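The residues making up each chain are set out below.
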Amino acid sequence: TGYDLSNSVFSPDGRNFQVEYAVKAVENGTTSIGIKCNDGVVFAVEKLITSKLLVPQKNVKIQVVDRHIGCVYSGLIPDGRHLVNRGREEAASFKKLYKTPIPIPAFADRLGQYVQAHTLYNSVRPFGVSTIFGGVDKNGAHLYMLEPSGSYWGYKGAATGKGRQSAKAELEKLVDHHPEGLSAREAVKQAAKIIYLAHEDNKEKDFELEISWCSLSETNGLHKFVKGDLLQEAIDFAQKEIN
Amino acid sequence: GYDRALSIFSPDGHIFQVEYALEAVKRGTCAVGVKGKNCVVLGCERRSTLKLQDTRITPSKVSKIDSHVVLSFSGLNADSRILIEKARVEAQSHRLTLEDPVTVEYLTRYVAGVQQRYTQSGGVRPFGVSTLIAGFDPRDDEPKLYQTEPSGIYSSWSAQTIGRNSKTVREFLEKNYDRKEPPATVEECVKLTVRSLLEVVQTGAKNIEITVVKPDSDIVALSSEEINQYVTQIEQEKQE
Amino acid sequence: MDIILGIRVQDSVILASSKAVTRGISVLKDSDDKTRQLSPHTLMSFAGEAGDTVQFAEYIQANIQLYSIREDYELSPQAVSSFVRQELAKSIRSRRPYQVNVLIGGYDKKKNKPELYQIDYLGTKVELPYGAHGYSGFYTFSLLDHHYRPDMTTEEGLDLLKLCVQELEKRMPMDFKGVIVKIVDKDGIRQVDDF
Amino acid sequence: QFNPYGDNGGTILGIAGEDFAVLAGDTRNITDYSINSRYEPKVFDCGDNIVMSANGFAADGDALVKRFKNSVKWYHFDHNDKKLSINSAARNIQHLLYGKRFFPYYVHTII
Amino acid sequence: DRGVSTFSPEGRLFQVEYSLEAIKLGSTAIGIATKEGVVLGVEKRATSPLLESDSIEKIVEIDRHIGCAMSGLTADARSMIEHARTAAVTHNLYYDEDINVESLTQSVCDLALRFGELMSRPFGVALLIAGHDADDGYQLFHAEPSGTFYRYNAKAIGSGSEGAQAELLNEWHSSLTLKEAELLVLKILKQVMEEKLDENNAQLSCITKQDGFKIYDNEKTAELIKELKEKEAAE
Amino acid sequence: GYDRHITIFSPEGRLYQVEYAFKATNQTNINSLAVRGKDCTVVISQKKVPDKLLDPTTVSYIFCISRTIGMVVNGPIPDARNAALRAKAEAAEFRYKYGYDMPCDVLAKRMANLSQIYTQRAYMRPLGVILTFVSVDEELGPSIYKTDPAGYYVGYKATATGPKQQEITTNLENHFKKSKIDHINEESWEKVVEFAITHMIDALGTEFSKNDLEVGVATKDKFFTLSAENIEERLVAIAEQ
Amino acid sequence: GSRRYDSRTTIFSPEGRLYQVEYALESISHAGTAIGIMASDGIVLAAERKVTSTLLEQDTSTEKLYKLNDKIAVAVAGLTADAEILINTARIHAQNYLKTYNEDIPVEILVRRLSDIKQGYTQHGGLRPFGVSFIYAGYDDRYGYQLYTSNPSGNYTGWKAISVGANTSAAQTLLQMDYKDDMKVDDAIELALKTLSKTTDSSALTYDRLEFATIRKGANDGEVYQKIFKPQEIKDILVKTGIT
Amino acid sequence: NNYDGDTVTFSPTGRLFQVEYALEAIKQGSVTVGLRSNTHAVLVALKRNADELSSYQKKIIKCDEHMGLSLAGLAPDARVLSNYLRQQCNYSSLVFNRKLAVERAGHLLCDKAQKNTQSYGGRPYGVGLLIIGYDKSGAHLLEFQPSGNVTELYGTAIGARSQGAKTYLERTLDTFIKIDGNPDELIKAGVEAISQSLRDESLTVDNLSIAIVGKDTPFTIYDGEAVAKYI
Amino acid sequence: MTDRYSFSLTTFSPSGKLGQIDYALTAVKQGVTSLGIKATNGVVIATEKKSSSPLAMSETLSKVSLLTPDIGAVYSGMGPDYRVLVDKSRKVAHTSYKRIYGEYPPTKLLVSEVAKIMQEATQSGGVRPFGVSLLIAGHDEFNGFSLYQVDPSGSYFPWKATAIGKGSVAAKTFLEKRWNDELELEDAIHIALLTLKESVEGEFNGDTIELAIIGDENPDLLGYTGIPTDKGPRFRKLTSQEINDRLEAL
Ligand SMILES: [Cl-]
Ligand SMILES: [Mg+2]
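For this deposition, the record names X-ray crystallography as the technique by which the model was determined and cites 2.80 Å as its resolution.

Take the overall build of chain E next. Of the regular secondary structure elements, chain E holds six helices and ten strands. The C-alpha atoms of chain E give a radius of gyration of 18 Å, which matches the 18 Å a tight globule of 235 residues would have. Taken along its principal axes, the extent of the C-alpha atoms in chain E is 60 × 45 × 35 Å. Within chain E, the fraction of its 235 residues that count as buried is 60%.

With that out of the way, let us pick up the overall build of chain G. The number of helices and strands found in chain G is six helices and ten strands. Radius of gyration (C-alpha) of chain G: 18 Å, near the 18 Å computed for a compact globule of 244 residues. Dimensions of chain G, computed from the C-alpha atoms along their principal axes, are close to 65 × 50 × 35 Å. Of all intrachain contacts in chain G linking residues separated by at least 6 positions in sequence, the fraction that spans at least 24 positions is 62%. For chain G, the accessible surface area stands at approximately 9500 Å², while carbon and sulfur atoms represent 47% of it.

Our focus in this paragraph is the interface of chain I and chain G. Contacts between the two partners involve 34 residues from chain I, matched on the other side by 32 residues from chain G. Together, the buried faces of chain I and chain G total about 2700 Å²; carbon and sulfur atoms form 60% of this surface. The largest per-residue losses of area from chain I upon contact with chain G belong to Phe 7, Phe 12 and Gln 123 of chain I, which jointly make up 26% of the total buried on that side. For the interface between chain I and chain G, the tally reads one salt bridge. With its nearest N and O atoms 2.6 Å apart, the salt bridge here joins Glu 57 of chain G to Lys 38 of chain I. Our count for the chain I to chain G interface comes out at twelve residue pairs in polar contact. Elements with a minimum of two residues in the side of chain I that touches chain G: α3 (107-123), β8 (156-158) and α4 (168-178) of chain I.

Before going further, it helps to examine the sheet that holds strand β3 (residues 62-64) of chain F. Spatial ordering of the open sheet is given by β3(F)-β4(F)-β5(F)-β6(F)-β7(F)-β3(I), a layout of six strands whose pairing is antiparallel. Each edge of the open sheet is held by one strand with a lone partner, namely β3 of chain F together with β3 (56-57) of chain I. Relative to strand β4 (residues 70-74) of chain F, β3 of chain F is paired through three bridges, and the arrangement is antiparallel. Following the sheet pairing, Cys 64 of chain F is matched in β4 of chain F by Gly 70 of chain F.

For the rest of this paragraph, the subject is a nonpolar patch on the surface. All names here are of chain D. On the surface, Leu 13, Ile 15, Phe 20 and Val 22 cluster together into a nonpolar patch covering about 380 Å² of accessible area. Within the secondary structure, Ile 15 sits in strand β1 (residues 12-16). Overall, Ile 15 belongs to the partly exposed group, its relative accessible area being 49%.

So, on to the nonpolar core. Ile 33 and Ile 211 of chain A together with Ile 65 and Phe 133 of chain F are the most contacted members of the largest nonpolar core, which has 76 residues in total. Those residues in contact with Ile 211 of chain A, other than ones at most four positions away along the chain, are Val 42, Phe 43, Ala 44, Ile 62, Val 188, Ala 192, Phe 225, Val 226, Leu 231 and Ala 234 of chain A. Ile 60 and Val 80 of chain C together with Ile 105 and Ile 109 of chain G belong to the second largest nonpolar core, which has 45 residues in total.

Here we come to the arrangement of the chains. Structurally, chain A and chain D remain out of contact, their C-alpha atoms never closer than 28 Å. No part of chain F reaches chain H; the closest C-alpha pair between them is 13 Å apart.

Further remarks concern the interface of chain B and chain G. Facing the 31 residues of chain B at the interface are 39 residues of chain G. Taken over both partners, the interface formed by chain B and chain G buries close to 3000 Å², and the fraction arising from carbon and sulfur atoms is 56%. On the chain B side of the interface with chain G, the three residues burying the most area are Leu 52, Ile 57 and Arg 125 of chain B, jointly 25% of the side's total. Linking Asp 116 of chain G and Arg 81 of chain B is a salt bridge whose minimum nitrogen-to-oxygen distance equals 2.8 Å. Residue contributions to the side of chain B that touches chain G peak at six residues, all from helix α1 (residues 16-27) of chain B. When its residues are assigned to classes, the side of chain B that touches chain G shows 16 nonpolar, six polar and nine charged.

Here the focus is the packing of aromatic side chains. Here the structure, examined in full by the defined rule, presents 46 aromatic pairs over all chains. Ring centres 6.0 Å apart and planes at 75 degrees place the aromatic pair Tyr 3 of chain A and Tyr 20 of chain F in the edge-to-face group. Of this pair, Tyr 3 of chain A sits in the segment before α1 (17-28) while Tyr 20 of chain F is found in helix α1 (residues 16-24), placing the two residues in two different chains. Relative accessible area serves as the criterion here: at 11%, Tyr 3 of chain A is assigned to the buried category. With a centroid separation of 5.2 Å and 85 degrees between ring planes, the pair formed by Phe 94 of chain F and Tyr 100 of chain F is classed as edge-to-face. On the basis of relative accessibility, which here comes to 12%, the residue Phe 94 of chain F falls in the buried class. On the accessibility criterion, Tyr 100 of chain F (38% relative accessible area) is partly exposed. Among the aromatic side chains, those forming a connected cluster through ring pairs are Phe 107, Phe 133, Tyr 144 and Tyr 152 of chain A. Lying over the aromatic face of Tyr 105 of chain D, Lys 100 of chain D brings its terminal NZ or CZ to 5.2 Å of the ring centre.

So, on to a negative patch on the surface. Together, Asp 151, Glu 155, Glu 156 and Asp 159 of chain C give the surface a local cluster of negative charge. Taking the relative accessible area as the measure of exposure, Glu 156 of chain C reaches 39% and is therefore partly exposed.

So, about the environment of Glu 143 of chain H. Residues and elements named next belong to chain H. Relative to the helices and strands, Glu 143 is located in strand β6 (residues 138-144). Here the alpha-carbon distance between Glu 143 and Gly 155, two residues twelve residues apart in the chain, equals 9.2 Å. Residues contacting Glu 143, with those up to four places away along its chain left out, are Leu 129, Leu 130, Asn 149, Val 150, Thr 151, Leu 153, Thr 156, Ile 158 and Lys 166. Within the structure, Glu 143 has its side chain in polar contact with the side chain of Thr 156 (distance 2.9 Å).

Residues and elements named next belong to chain G. A sheet is described by the order of its strands in space; here five strands give the open sequence β3-β4-β5-β6-β7, paired in antiparallel fashion. Each edge of the sheet is formed by a strand with only one pairing partner; in this case those strands are β3 (65-67) and β7 (156-159). This sheet shows a mean twist of 25 degrees between the axes of neighbouring strands, independent of strand direction. Running at roughly 160 degrees to strand β5 (residues 132-140), helix α3 (residues 107-123) makes contact with β4 (72-78), β5, β6 (144-150) and β7 of the sheet.

This part covers unusual backbone geometry. Its identity is not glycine, yet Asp 216 of chain B carries a phi of approximately 55 degrees, on the positive side. Locating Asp 216 of chain B in the fold gives a position in the loop between β9 (208-214) and β10 (218-221). Non-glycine residue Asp 81 of chain D carries a positive phi angle of around 50 degrees. Relative to the helices and strands, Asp 81 of chain D is located in the loop between α1 (58-78) and α2 (86-98).

Moving on, we come to the pattern of salt bridges. Residues and elements named next belong to chain F. Per the counting criterion, the structure on display carries 89 salt bridges over all chains. The partner of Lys 97 in a salt bridge is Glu 93, and the shortest N-O contact between them spans 3.0 Å. Taken together, the positions of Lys 97 and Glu 93, both in helix α2 (residues 77-98) and four residues apart, correspond to about one turn of that helix. Looking at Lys 97, the relative accessible area reads 53%, which means it is exposed.

Here we come to the state of the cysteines. Should the sulfur atoms of two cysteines be covalently bonded, the bond is a disulfide. Following the criterion strictly, the structure yields zero disulfides over all chains and no others. For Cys 109 of chain E, which is in no disulfide, the shortest distance to another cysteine sulfur is to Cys 68 of chain E and amounts to 11 Å.

Residues and elements named next belong to chain F. It is the contact of α2 with helix α3 (residues 104-120), at a shortest axis distance of 10 Å, that shows an interaxial angle of 130 degrees. Taken together, the axes of α2 and α3 lie oblique to each other. As for the relative orientation of α2 and α3, their crossing is right-handed in sense. For the pair α2 and α3, contact is made by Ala 83, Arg 86, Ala 87, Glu 90 and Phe 94 and by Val 106, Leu 107, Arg 110, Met 111, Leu 114 and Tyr 118, respectively.

Residue and element names in this part refer to chain G. Helix length check: α3 (17 residues) gives 25 Å between terminal C-alpha atoms against 24 Å at 1.5 Å per residue, within 8%. Summarising burial for α3: 13 of the 17 residues are buried, a large majority. Following α3 by one or two positions, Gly 125 has its phi on the positive side, about 95 degrees.

With that settled, consider the side chain of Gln 149 of chain I. Residue and element names in this part refer to chain I. By the secondary structure assignment, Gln 149 is in strand β7 (residues 144-150). The class of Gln 149 is buried, set by a relative accessible area of 9%. Other than its neighbours up to four places away in sequence, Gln 149 contacts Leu 134, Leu 135, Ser 155, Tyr 156, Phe 157, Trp 159, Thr 162 and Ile 164.

The rules behind each value
- Residues numbered from 1 in each chain as written, not as in the entry; some residues may be left out.
- Chains lettered and ligands numbered in written order.
- Part of a larger assembly, values for the part shown.
- Heavy atoms only, no water.
- Helix = DSSP H or I, 4+ residues; strand = E, 2+ residues; numbered from the N terminus.
- Rg over C-alpha atoms; globule rule 2.2 N^0.38 Å.
- Buried < 20%, exposed > 50% of the residue type's maximum accessible area, 1.4 Å probe, protein only.
- Contact = heavy atoms within 4.5 Å.
- Areas by Shrake-Rupley, 256 points an atom, 1.4 Å probe, with all protein chains shown as cover.
- Buried area = accessible area lost by both parts, 1.4 Å probe.
- Salt bridge = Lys/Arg side-chain N within 4 Å of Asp/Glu carboxyl O.
- Polar contact = N/O pair within 3.5 Å; in protein donor to acceptor, adjacent residues only side chain to side chain.
- Pairing = 2+ DSSP bridges.
- Patch = residues over 30% accessible without salt bridge, like charges linked within 9 Å, V, L, I, M, F, W, Y side chains within 5 Å.
- Core = buried A, V, L, I, M, F, W, Y, C linked by side-chain atoms within 4.5 Å.
- Nonpolar A, V, L, I, M, F, W, Y, C, P; charged D, E, K, R; others polar.
- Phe/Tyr/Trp six-rings, centres within 6.5 Å; stacked < 30°, edge-to-face > 60°.
- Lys NZ or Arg CZ within 6 Å of the ring centre and 35° of its normal.
- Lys, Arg positive; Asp, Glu negative; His and termini not counted.
- Charge placed at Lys NZ, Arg CZ, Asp CG, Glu CD.
- Axes fitted to C-alpha atoms, helices over the stretch in contact; angles between N-to-C directions.
- Disulfide = S-S within 2.5 Å.
- Parallel < 35°, antiparallel > 145°, perpendicular 65-115°, else oblique.
- Left-handed = near helix turned anticlockwise from the far one by under 90°.
- Expected span 1.5 Å × (residues − 1).

Structure (structure tokens):
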């Protein structure tokens, strides 16, 4: 054997074991989710409070690309940052040449091709993150999830990390119970609940909730963080549902 | 470009590629350097498994770097050409910028520096060659004899030998060479060099080369008959 | 730099080169030797742009001396002249060309014949019985057309050369402070001290 | 054709005493026959008790001062907060100016 | 095989740790710093009696105010010295002053870790850099192939280092004279050297503010050896 | 055995990495099919959306390379999209350099030459995909050309790819034995799509809803994919016959 | 990374040998024998073709003997493809020398440079060496007629008579026995063929399994001629010496 | 085991062993403490010596007038990273006339360390850093790890036996955070914190190293007789 | 990133073998049989068209390729490797010869250039040898008709007639019996079809056999008239119909 020692090597199955090993690092990371809504998207993430010494609200994990795209990820945090830095370069060159801000499907392929490129050579390592991202463009709202292999699809709801199965189950219920659609303000509240429910799979350390959102009506198509009264309102909604 | 670090440290603190290059030197034909009061003599072994050779055109073992400095060697023959060429170029380059031919110490220091560079450069192996560099500095009558080796260390020697069975001939020179009184004449210096090679060589026919270097660019190679006379004289005195 | 002459006779090549080095309205030196020995039987005189001349001469000298050490053999005058021409032929299409004109006087030991080559800065080589660079030629060529014979001795060649220097000293506008004369023959290169 | 240089006028003046030194300069900035500013300083405290002015073309002058101030900063980092002597500063400035020998800083500098 | 810039499980660079083993095989070098100067001394260690010992150059001048002693694969030191000399002279050209001993050492140590897959391996030589400047006075630095350097009051490197360092621990005090330090280097060298110490197989040097960096003659060192033997027999 | 890790020869003259890239082709567990009409070329592929949270409109293995050329992929989506983006760039560059639209067979050759390079050069791995290119070429007419990880390519009367490829292949072989011709003798592309689906149903033995299939159609001067409702309309026509 | 798959072609063994050079020489020892013999008035080059097929076109073929310029030729032993790379380099080097100095290249200078190229492949670059040994036969006005050999190590030496390729041990003993210094070309022709005839692995030595060439001063007055022998000319010389 | 040859290789459980081995070099390093209030931010570092004849390895490095760090692990790697920070702080000043935010300083270090963990040939940085600073949003303290992970904290500690000081700061959190407008008292709390990581050895005059930055205080380092006040 | 494979992947083993070349030859052995026969007034090259599927159009896959108007090539071994070699061979005929001399290269020199490319894949960094043996037939004014074989090592040999691939051993024996120096072109085509029937197993007709000749000039295939010196290509690919005509009188 030895097929798993080097990146870009096919095993006799037809598999790249190094990419599958990168997925294990993603599964080890904290939970993160994405919810598509009527006229936009909502992102949320679990931040484990390792110590009392962590400054609350001052270790931000959700990142913005351009002014209209939000990115969140689970796994190796530095690898996620590297991917977003590339995304920002890709989005900048698109806007430079074509004037219009980068469409979300166009942006999704730019990350996809870059991540896929890191499965082509043994001189590079695959990305140790699954990235949930999306936003609002001319054609409306889009939510995407990108994996270490370079594989991505569009999603109604997306989840990754240690509590992905709990979050996926909860997401599937929302899709069934709301066929006509879910509103932006509702999706923020649901996002909080799902993170709190998904925290049951990581319940040794208590956590800090962080939510962001893009919406054509609520945020005017731009990416913003949920803070203050709207954040506390979503936390209280989540606290009421667990009990 | 080929980048691989071939020369690297081992757990015990040794650079094996440099040490294995020394083994190639140990395999090479013997070379000896003896410096007298007013001269230096470079002696060289030539293995006698090769008959039907053409000695006119076959590369000589002792090479002129400039008109006043010579270089003999032990180890890989092909490797030695590269060092000799580089040294010859540096010799002319020194004349061009300093308006003065190289000192023997400077030329040695350059050659040694090249050998060292190949022990910590990527994509290259060390030179499988040790050299004996001998001559006289410009406007100077003090004889100079230096040694270099694959690692890049160099030093000055009253007399020295390198190559196969060099430890035997070094043993001979260590008792037969007096520091207080070196070989006073050319004949005495050549004889001691031939004597030292006769401990190792086999026959004193077309197996020994001798080159004598004197001050002010006075270098000459001895012929077969001239060398054979020393061999004949030494053997008759030995039977005693 | 200015005056360099060459005369090939029966058994030798004679090169005469002016001693003056002028800059502006000042003769900075009056004992300058405008030549380099390339090999024991090959001499090159030079004249042209300041700095370029010596830099080029010494560069060629180094290369020929390197060849001599490598092969333990002296290159023929024909071979040296061809090497020099090629270097100038490269130079002329460079970013900054060597503006140097040269005469190469040599004695071929294999042929037992003297040889004189005239090469300009463009890389224009010609073998000649007598040669000159710069404005000198406008006087010396016609003079030598008349007085030169192919079977002359070295002493006859020196008298023929004295005739050229006298004419140049008479009709040239600039003071070139006399010449250094050198002879190239079977025994090598030597300088005439009293000219 | 584009001319990269300009003349911003003004004048500067340095005098040295026994235990002190002054570096003065007017505060006027001009282009051609117009006044740009009545108060635009061009004599700067660069740290380590060194004052500097680069008068002539203000863009080049500001660039040079900026670079020297930055040179003083890195002198501290690289040499254990050692004080840059006035003679050492002068030599450092020579290398700054001569580095652009073939596209000069159009300024007369005094420290 | 394995990468050149690889970490061990204990958190150390394999190649750097292996180069340290090469330095232990090297000849002994000792340095002692005082308020009157810094002394540097080395074991020459000739491999054969035919080798002319005066050609063994293991103590070296960097500038007039900075000296250097070496131990290990001494061939590797040539490019380090070349860099140090250029750094010292270049700084004088840019700033019209002598360069700080620490700043020089730091510049040399920046070469150390410039290896990988830059040069192919770490240096196999340790350096004792001794010098003087106006700010921090007389200084002695130990520069390793790890890129680290420590200042020392006294330091020994090479094969007899751990034995000599323990001896320097007891003998060093802050009021040592230069003459006392010279004898102390000779004393400790004689203890750790294989062959018997004399003027031909050992070399002394020093750096003082007044006279700068000076390598001692074989005649001068011989008298200090004779002075040392008499003083030990005197009690 | 490092001769199985990179693209160098084994003792028996084989490239194991190429052979393992072929096995990666079936990792998606999807079957594709391509047939030619008189005026058109139809390609169909299975569409499997297992996760309920997926946006089914974004799940696709058919690609529009140029206006005239379409491409279906059998293999993992990252490698599929890698090949698609390259083909799109190559087709665009061809038009710019040579002043006419890149033919289907020429693009297939170009992609095949790229795939060949990965089998010879060590630092590049093969893509674990089989690319089926379809168009109505202005010179050659209806065209199907298929590329694999070995760098092999060839034209086809019809073809199929996937896990149950052999069953589909023989199903089509038996039809062309019977019809005695190189194509589907049919006027409209609508009925050629109906043929393609019908024969896939017979070969695989499964029934299809509108969301279980994905259809691409090439006509003169354009290639286009069908929507769910376009396929549903097509499935109704088959059922009522 | 890629370190895993690196053969490390340019390293020393513990004994101080170059693995790849030694193995390249092992390759050459299975190649068809090539002999060079230097006489006072010329040089002979003889070489045995590797197991010939009856349908091989013999007259328009070149496997062993190649022309570098008008005065110098080489006999090959090893990989033909490798040899042709080096030959084209040598041909160019000779023309560079002629262009520079207006003189034909001295034999040793050409040999040294080609040998220096081979040396480079053993010390740096991480590539395999050239699996080729040459016999150089040439003439210049300094040393006259000269025979050299070079091998994958980049080491070259001069010879009066020499063999490369297969059965060199046996071939060198036979040459050492019958060679003498006052020998003529026609005698050397006979020696070259007799040696191959005894050392050959074939049943009998025939015209179709041989390449032959001479470098004489047999042209008109003080000039050298290269003669690459035709099939019919080899047939005649083989009958004339009484081998067939 | 088989997956620790280089940084480009993942283990079967999704681990990067070369990054973990680099993390191990920090644990071997000497202890250093970081803590802040709302007005000031303090670094306290226990320096280490080779022996009694040697000097004590300098742990604290200045990056700008308003920012600097302390190190634990490979000192040459800290020099490379601190030099990068000096350049980035300086770029921000020259181009934008803007003091570099302490948060951006961290982001830049994270991205620099990350590139070394994804490419063949290179290696991870073998050092951990505690960055303090005072910018437009008040006092800050960061913890850098060579995996790439950067974390903003009220207080922390890294190096050998750093768990003792980290526990103390976790208890003292409510006290030291409100030491506003009082440098000496915030240092005292830091000196008492690092004392919880001491074994056999105690804090001497040439052993202790303190640094401070704040509202009306540039980043300055205290060594030698200047720290005798706090023993 | 970047090609870090700057070292040779083909090296000498202790026995003196070059493993990757031997293994490439093994890949050629597995390949389908192809052959070439030289006549007095022409040359014939032929091979079986092994179809991957009956749905595949074997006309689109051309095993016999034109390199120049007077030179053609056929192979045995790995098809993709052959295809890129033909591309490179066509280009090198222009860049290294026609753009210099204003005329197409002679057979031997084009062969030499192809061999050079295949040799470099045997020694250069980060590459394997080509897994094919080529048979190159051609004509030029001063050498006349000629036939060459080119192996993965880069070695090439001229042949009167030969075969390579699957059943080459038996096919070469067959050709030895039938070949003489007085063969006319039509006789060589006849022998080629006889020799190839032995190695082919399934169908044997003009649709499963690919065959081309280097013969007389073809003015009708030139595409233009008006230049007397330009008389047309000597390379001609025989049609499916033209093969079947000769199979009746077999
Ligand atoms: Cl292509
Ligand atoms: Mg002229």
